Amino acid sequence: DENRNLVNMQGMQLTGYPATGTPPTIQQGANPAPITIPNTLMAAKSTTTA
Amino acid sequence: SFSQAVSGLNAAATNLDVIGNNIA
Amino acid sequence: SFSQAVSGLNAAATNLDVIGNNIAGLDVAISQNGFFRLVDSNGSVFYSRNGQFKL
Amino acid sequence: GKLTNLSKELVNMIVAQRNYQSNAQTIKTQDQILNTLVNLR
Amino acid sequence: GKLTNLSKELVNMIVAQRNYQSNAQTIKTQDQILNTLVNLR
Amino acid sequence: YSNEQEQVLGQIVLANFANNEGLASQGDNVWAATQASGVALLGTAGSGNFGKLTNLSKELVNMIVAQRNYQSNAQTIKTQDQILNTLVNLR
């Protein structure tokens, strides 16, 4: 939906563990929350390894 | 006489059930 | 007796369904006995005669 | 000996079912006669 | 050993489907007999 | 993403109950936990309690038997009423 949640036909929001960090990962310590699939942009990254 | 008739009917029903089981 | 007949009919229907289901890059598949032994990425073990493998 | 290596039935059942129906009819009739006698006083 | 390098079934299914039909007919008949008895009083 | 990179965004959770029969139907195929069902126990598909995400005649007969029984019960009731009426008129 427009809120970037995954919703059923009644508008209820599918839940799961959020991703955190950079790179983003899923932790074992997490509270389930509405899944989001953001459209938003990525930041540009300066290279630190090659 | 009515009781005898009822008993006969029950026997017939049992026979029919047995036949059905055999067919199965 | 009626209940027994119904149960028999249900069993027959199940059998018919099973029959219908039965009727329905390297290649080393097996027409013989023996199974290949496979694992998923968690280490659980499975078996199959299908011999279609990709590297 | 060595190891080796339906219509009639259905009809009979029909005859049986019929007989049962006849018996039921006879019973129902007997009950009706009893009811008429009871009301006769 | 080394790595290497239908009509009967259909008939059976037909026989099964038939048997199921016969069973259904027997059931329907049984229900009819019960209804006649209930109305008999 | 169009830079040929990927980002993890979350992970769907699954729930299981000690007694599914205890869950309160909310309509559609949606359910609420109750004291009877127990608390939800959570995990993920492909681990522990949960497998991975994937990617009629008998009933009708039973109903017929039930309807029949109801008819028999109705007949018994009607008969009982008739007997009562005959007794009342008997004085």
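Conventions adopted
Residues numbered from 1 in each chain as written, not as in the entry; some residues may be left out. Chains lettered and ligands numbered in written order. Part of a larger assembly, values for the part shown. Heavy atoms only, no water. Contact = heavy atoms within 4.5 Å. Buried area = accessible area lost by both parts, 1.4 Å probe. Salt bridge = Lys/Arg side-chain N within 4 Å of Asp/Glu carboxyl O. Polar contact = N/O pair within 3.5 Å; in protein donor to acceptor, adjacent residues only side chain to side chain. Nonpolar A, V, L, I, M, F, W, Y, C, P; charged D, E, K, R; others polar.

Per the PDB record, this model was obtained through cryo-EM at a reported resolution of 7.1 Å.

If you look chain D up in the PDB entry, it shows as Flagellar hook protein flgE from Salmonella enterica subsp. enterica serovar Typhimurium. Anyone opening this PDB entry will find it titled "Atomic model of the bacterial flagellar hook based on docking an X-ray derived structure and terminal two alpha-helices into an 7.1 angstrom resolution cryoEM map".

Named according to the PDB entry, chain C is Flagellar hook protein flgE originating from Salmonella enterica subsp. enterica serovar Typhimurium.

**Here's the deal with the interface of chain F and chain C**
The partner chain C presents seven residues to the five residues of chain F that form the contact. Summed over both partners, the interface of chain F with chain C buries about 480 Å², with 68% contributed by carbon and sulfur atoms. On the chain F side of the contact with chain C, F:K58, F:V61 and F:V65 bury the most area, a combined 68% of that side's loss. The tally of links between chain F and chain C comes to zero salt bridges. Inspection of the chain F/chain C interface yields two residue pairs in polar contact. Here the residues of the side of chain F that touches chain C are counted per class, giving two nonpolar, two polar and one charged.

**As for the interface of chain A and chain F**
When the parts come together, some accessible area is lost, and that loss is often what is quoted as the size of the interface. Contacts between the two partners involve 19 residues from chain A, matched on the other side by 15 residues from chain F. Taken as a group, A:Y17, A:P24 and A:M42 account for 39% of the area that chain A buries against chain F, more than any other trio of residues on that side. Between the two partners, chain A and chain F, sit zero salt bridges. At the junction of chain A and chain F, the tally comes to three residue pairs in polar contact. A breakdown of the residues in the side of chain A that touches chain F according to their chemical character gives twelve nonpolar, seven polar and no charged.

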